[PDB]
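Chain residues, written in single-letter form:
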Amino acid sequence: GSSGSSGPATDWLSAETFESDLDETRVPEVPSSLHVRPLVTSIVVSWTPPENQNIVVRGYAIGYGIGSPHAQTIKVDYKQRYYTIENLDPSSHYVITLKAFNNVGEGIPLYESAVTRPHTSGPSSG
């Protein structure tokens, strides 16, 4: 062998020091609220964090699907404030849900409604 080897690393980041003080002993209950904007062939799902900015929130879950959100689910990072679900089906009521989950566990999901606009090969003049 030749003086073995190693792997140095160093860099700066923008975030707190994972303070243990933060409330991480319980799960993040339902968020402040959840807004959804139905689009022709898309849907801008905009949500908001819980008033309490002390609970450690790893990420949230976005469930969508006609009849029930269980159909499909999308997971993202906390930073993410809203998700634009593209390649969807117009003229259809999509049930979007949102639930806060952390290392402690999952919370209570929300119930919303978003009716995509009628494509009609040209929603103009409507």
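Residues numbered from 1 in each chain as written, not as in the entry; some residues may be left out. Heavy atoms only, no water.

- The deposited coordinates for this entry were obtained by solution NMR.

## Thoughts on the overall build of the chain
Part 1 of the argument: When helices and strands are counted, the chain shows zero helices and eight strands.
Part 2 of the argument: Helices and strands appear in the chain in the N-to-C order β-β-β-β-β-β-β-β.
Part 3 of the argument: Dimensions of the chain, computed from C-alpha atoms along their principal axes, come out at roughly 70 × 40 × 25 Å.
Part 4 of the argument: Looking at the chain as a whole, 33% of its 126 residues qualify as buried.
Part 5 of the argument: Within the chain, counting contacts between residues at least 6 apart in sequence, those at least 24 apart form 62% of the total.
Part 6 of the argument: Carbon together with sulfur atoms contributes 48% to the accessible area of the chain, which is approximately 8700 Å² in total.
Part 7 of the argument: Side chains of the chain give 8 positive and 13 negative charges; the mean places of these two sets differ by 8 Å. (Helix = DSSP H or I, 4+ residues; strand = E, 2+ residues; numbered from the N terminus. Buried < 20%, exposed > 50% of the residue type's maximum accessible area, 1.4 Å probe, protein only. Contact = heavy atoms within 4.5 Å. Areas by Shrake-Rupley, 256 points an atom, 1.4 Å probe, with all protein chains shown as cover. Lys, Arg positive; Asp, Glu negative; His and termini not counted. Charge placed at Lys NZ, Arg CZ, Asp CG, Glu CD.)

## Points about the sheet that holds strand β1 (residues 33-39)
Part 1 of the argument: Strand order in the open sheet formed by three strands is β1-β2-β5, with antiparallel pairing between adjacent strands. Two strands close off the open sheet at either side, each with one partner strand: β1 and β5 (82-85). Direction aside, the axes of adjacent strands within the sheet are offset by 10° on average.
Part 2 of the argument: For strand β2 (residues 42-48) and β5, the ladder comprises four bridges, and the chain directions are antiparallel. (Pairing = 2+ DSSP bridges. Axes fitted to C-alpha atoms, helices over the stretch in contact; angles between N-to-C directions.)

## A closer look at the environment of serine 91
Part 1 of the argument: By the element assignment, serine 91 lies in the loop between β5 and β6 (93-94).
Part 2 of the argument: Sequence separation between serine 91 and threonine 120 is 29 residues, and the spatial gap between their C-alpha atoms is 9.1 Å.

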